[PDB]
Amino acid sequence: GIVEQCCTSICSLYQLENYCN
Amino acid sequence: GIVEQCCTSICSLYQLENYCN
Amino acid sequence: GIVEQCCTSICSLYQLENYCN
Amino acid sequence: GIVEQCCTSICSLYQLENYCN
Amino acid sequence: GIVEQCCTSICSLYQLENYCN
Amino acid sequence: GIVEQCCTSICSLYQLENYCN
Amino acid sequence: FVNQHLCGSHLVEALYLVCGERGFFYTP
Amino acid sequence: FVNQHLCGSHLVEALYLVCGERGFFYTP
Amino acid sequence: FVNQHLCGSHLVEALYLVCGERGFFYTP
Amino acid sequence: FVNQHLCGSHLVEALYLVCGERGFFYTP
Amino acid sequence: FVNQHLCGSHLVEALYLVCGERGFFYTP
Amino acid sequence: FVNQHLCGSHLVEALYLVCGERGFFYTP
Ligand SMILES: Cc1cccc(O)c1
Ligand SMILES: Cc1cccc(O)c1
Ligand SMILES: Cc1cccc(O)c1
Ligand SMILES: Cc1cccc(O)c1
Ligand SMILES: Cc1cccc(O)c1
Ligand SMILES: Cc1cccc(O)c1
Ligand SMILES: Cc1cccc(O)c1
Ligand SMILES: Cc1cccc(O)c1
Ligand SMILES: Cc1cccc(O)c1
Ligand SMILES: [Cl-]
Ligand SMILES: [Cl-]
Ligand SMILES: [Zn+2]
Ligand SMILES: [Zn+2]
């Protein structure tokens, strides 16, 4: 999930975009 | 929606719960 | 105090409420 | 109070010090 | 400047890039 | 730089002021 | 749409806190 | 758990910004 | 009371920084 | 000390929200 | 100048995210 | 890298406040 992927290592705004509607 | 309901007039932390999963 | 109790482990909004006026 | 004094017109970080403990 | 351009009307994350180094 | 100096140990607002224009 | 943007930013932070483990949905 | 709580707070603000009109669901 | 809510959120953050170790009091 | 500074910043925002009209004192 | 202050606070956060490693400049 | 990202976010907000009219450059 998002916490598992982005709190461990940094996520770009492009990677974060995967979690959008 | 939440913006219409909570950006024109203040919402209690309770009304905010309506938007929790 | 609040830092000692809530920065070590997580506090719910109910636990935080103890620090209100 | 701070809202009356600082939400109608901007407060310097100095006037803000009046609200420190 | 950014305030004149983005505080009167909303700026896309793209127009915001104009202010990156 | 700022991250190296202020993310390692705490910086006062006076130390941060060195990074202003 | 700027004040609307600002309000939404604060609503999201608020839902993050109130909802906790439940999570929330934000639909502009 | 605190470290993750702090991270999540920043995650939702970034999602607010990146998703824009699309909005999002945040499931911790 | 929404703009007032928003302003207060930013005042609290500001007092947190300016006051430092001293701490502050926020009374709406 | 930084870790605590970061935490405290989030604490005061949550206090702002939870306490509402009551307000609060923040003593680090 | 209060709404202007509030907007600027959110612009800075936004530039922090969009610009990433590049960094940004904020000139009021 | 996350820890630093979190710190930097708080740094830029403090810079916004302390620098005021002067503004600043943030170079990570
Ligand atoms: C923007 C952001 C916030 C928190 C964690 C991340 O990986 C990225
Ligand atoms: C808590 C909160 C944030 C933003 C708008 C509101 O009505 C309520
Ligand atoms: C809401 C919140 C912020 C910081 C620490 C906590 O335990 C809880
Ligand atoms: C620094 C700050 C925040 C909010 C309102 C103000 O007048 C000043
Ligand atoms: C993203 C953002 C923040 C503040 C004002 C704007 O126009 C845009
Ligand atoms: C105000 C602040 C934020 C982040 C790191 C610091 O050293 C100080
Ligand atoms: C989560 C929640 C809702 C309402 C009041 C509280 O203290 C906490
Ligand atoms: C704490 C403080 C107040 C005023 C100016 C500063 O640089 C710092
Ligand atoms: C950095 C950036 C700009 C625009 C869109 C994005 O998803 C990310
Ligand atoms: Cl705002
Ligand atoms: Cl943090
Ligand atoms: Zn705001
Ligand atoms: Zn943080």
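Parameters at a glance
- Residues numbered from 1 in each chain as written, not as in the entry; some residues may be left out.
- Chains lettered and ligands numbered in written order.
- Heavy atoms only, no water.
- Residues with missing side-chain atoms left out of burial classes, pairs and counts.
- Donors = N, O, S within 2.8 Å, 3.2 Å for Na, K, Ca; no water.
- Helix = DSSP H or I, 4+ residues; strand = E, 2+ residues; numbered from the N terminus.
- Buried < 20%, exposed > 50% of the residue type's maximum accessible area, 1.4 Å probe, protein only.
- Near = heavy atom within 4 Å.
- Areas by Shrake-Rupley, 256 points an atom, 1.4 Å probe, with all protein chains shown as cover.
- Nonpolar A, V, L, I, M, F, W, Y, C, P; charged D, E, K, R; others polar.
- Contact = heavy atoms within 4.5 Å.
- Polar contact = N/O pair within 3.5 Å; in protein donor to acceptor, adjacent residues only side chain to side chain.

X-ray crystallography is the method the PDB entry states for this structure, with the resolution given as 1.78 Å.

Moving on, we come to the coordination of the zinc ion (ligand 13). For the zinc ion (ligand 13), every protein donor is listed as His10 of chain H (NE2), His10 of chain J (NE2) and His10 of chain L (NE2), and the spread of their distances is 2.0 Å. Remark: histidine 10 of chain L occurs in helix α1 (residues 2–19) and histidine 10 of chain J occurs in helix α1 (residues 2–19); the pair is interchain, linking two chains. Summarising the burial analysis for this pair, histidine 10 of chain J and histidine 10 of chain L share the class buried.

Taken together, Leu13 of chain D, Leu13, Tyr14 and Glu17 of chain F, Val18 of chain I together with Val18 of chain L make up the full set of residues near ligand 8. Bordering ligand 8 are residues originating from chains D, F, I and L. Look at ligand 8: alone it shows 250 Å² of surface, and the protein chains cover 81% of it. Looking at the shell around ligand 8 residue by residue, the classes come out as 5 nonpolar, no polar and 1 charged.

All right, on to the environment of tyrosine 16 of chain L then. Its location among the elements puts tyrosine 16 of chain L in helix α1. Leaving out residues up to four positions away in the same chain, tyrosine 16 of chain L has contacts with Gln4, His5, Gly8, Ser9, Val12 and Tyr26 of chain K together with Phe24 of chain L. One polar contact links the side chain of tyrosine 16 of chain L to the main-chain carbonyl oxygen of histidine 5 of chain K, over a distance of 2.5 Å.

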